[PDB]
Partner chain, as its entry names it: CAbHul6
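Only one chain comes next, encoded as structure tokens, the form solved without the partner chain.
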């Protein structure tokens, strides 16, 4: 499904994302915005290393979820990459939380650095009631 902005913000808040490991809701919104445009169905194949990015946060198969076809891959979130394609984002959120429990935190996503880091991200949550 393709979430509407404020709908996603309240959904993420309800799932305990606001301030998770010091990361604000607006940052998660900015990440979801640039990674998939709030699309839970989004998939991006990386011909370069035979891995695939899944769901609203575009989590990679080489390290986080198992899709069985990625060479030399691990499954740190301990989920099928299929769980990262559901309309219900609870599993995707549990996995995003796992990603940020590592040293880099939100910096694990290259796009967050390019599109969200050191930027005014207030607009992502304005008017949403979060």
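Residue numbers count along the first chain shown, from 1.
Would 113-121 or 6-14 have the larger average of its C-alpha temperature factors, as given in the entry?
The stretch with the larger average C-alpha B-factor is 113-121.
What stretch has the higher average Cα B-factor here, 63-71 or 93-101?
So the stretch with the higher mean C-alpha B-factor is 63-71.
So among 81, 30, 77, 56, who wins on Cα B-factor in the entry?
So the option with the highest C-alpha B-factor is 77.
Relative to the other modelled residues of the same chain, rank the CA B-factor of residue 45 and answer lowest, middle or highest third.
Residue 45: CA B-factor falls in the highest third of its chain.
The protein also exists as the form solved in complex with the partner chain; that form is not presented, and the subsequent description refers to it.
Considering only 80-105, what residues come within 4.5 Å of the partner chain in the deposited bound form, judged by heavy atoms?
Counting only heavy atoms within 4.5 Å of the partner chain in the deposited bound form, the contacting residues of 80-105 are 90, 91, 94, 95, 97, 98, 101.
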